[PDB]
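Numbering (mature numbering (1 follows the signal peptide of the UniProt record, and there is no 0)), first residue to last: 1 to 207.
The beta carbon of each residue, even a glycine, is placed where N, CA and C say it ideally should be.
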């Protein structure tokens with residue numbers, strides 16, 4: 001499958017794509033405002049994620065740091081990024097279907113549209129100003145809005161026992177972005193697409 005990753009933000013983003021134990025394609029790249037990066041993801045990929053990182057500095061060897069979404073200080077991510085990270089999530093070619101979603105379970109840093117470029121299913125979007133509205137206790141100093149599990153580390157926020165309910169913090173994410181997961185047992189906002197669809201992730205889709 002092919003994914004076009006488009007930075008519509010007015011600021012530079014460092015895109016990342018990983019399946020947790022390995023990079024997808026090159027795994028990461030600088031995207032200036034307006035730049036597009038097309039990657040090839042292998043059919044049958046399970047648990048892929050795409051996200052944006054902000055305020056990064058890297059050297060020549062590709063080591064450095066980002067203020068949101070850092071993946072162990074590498075430009076080319078091999079594993080997942082440090083919250084807060086708005087997450088595009090996908091599993092491809094699972095019994096003839098593709099499954100996509102946007103997730104706020106690891107917080108929010110950049111607004112995002114996640115849409116197919118082929119036919120047969122709708123896209124999902126989380127483009128509200130979650131950072132600006134972020135509750136005081138969840139604001140990440142580096143920018144972005146942390147999830148309650150990252151901040152407080154309780155069984156309720158992290159759904160550690162497999163049972164947990166909505167919280168005042170999860171309801172904040174859900175009210176601004178109903179189409180994204182707000183906690184682990186949120187009623188699924190997953191979209192079912194035909195197998196081997198193609199996709200576009202757009203950062204800052206409206207502004």
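Take the alpha-carbon of residue 99 and the one of residue 41: they are about 14 Å apart.
Taking residue 37 as the centre and dropping the five residues before and after it, the same chain places the C-beta of 5, 15, 29, 31 closer than 7 Å to its C-beta, in chain order.
Inclusion of residue 83 and residue 167 in the CB contact set at 9 Å is not warranted, their separation being larger than that value.
Around residue 47, the same chain offers 19, 20, 89, 91 as residues with beta carbons nearer than 8 Å, after the five sequence neighbours per side are excluded. In this chain, the alpha helix (DSSP H) harbouring residue 150 covers 148 to 152. By the Cβ-count criterion, residue 161 is exposed, with fewer than 16 other Cβ atoms from all chains shown falling within 10 Å of its own Cβ.
One alpha carbon belongs to residue 147, the other to residue 107, and they sit about 4 Å apart. For residue 57, the uninterrupted beta strand (DSSP E) segment begins and ends at 48 to 58. Rounded to whole angstroms, residue 153 and residue 159 show a C-alpha spacing of 10 Å. The stretch 91 to 147 contains, as complete beta strand (DSSP E) runs of 3+ residues, the segments 97 to 103, 112 to 116, 124 to 126 (chain order). Judged by DSSP in its simplified three-state form, residue 42 adopts coil rather than helix or strand. For residue 43, the closest of 1, 138, 54, 176 by C-alpha to C-alpha distance is 1.
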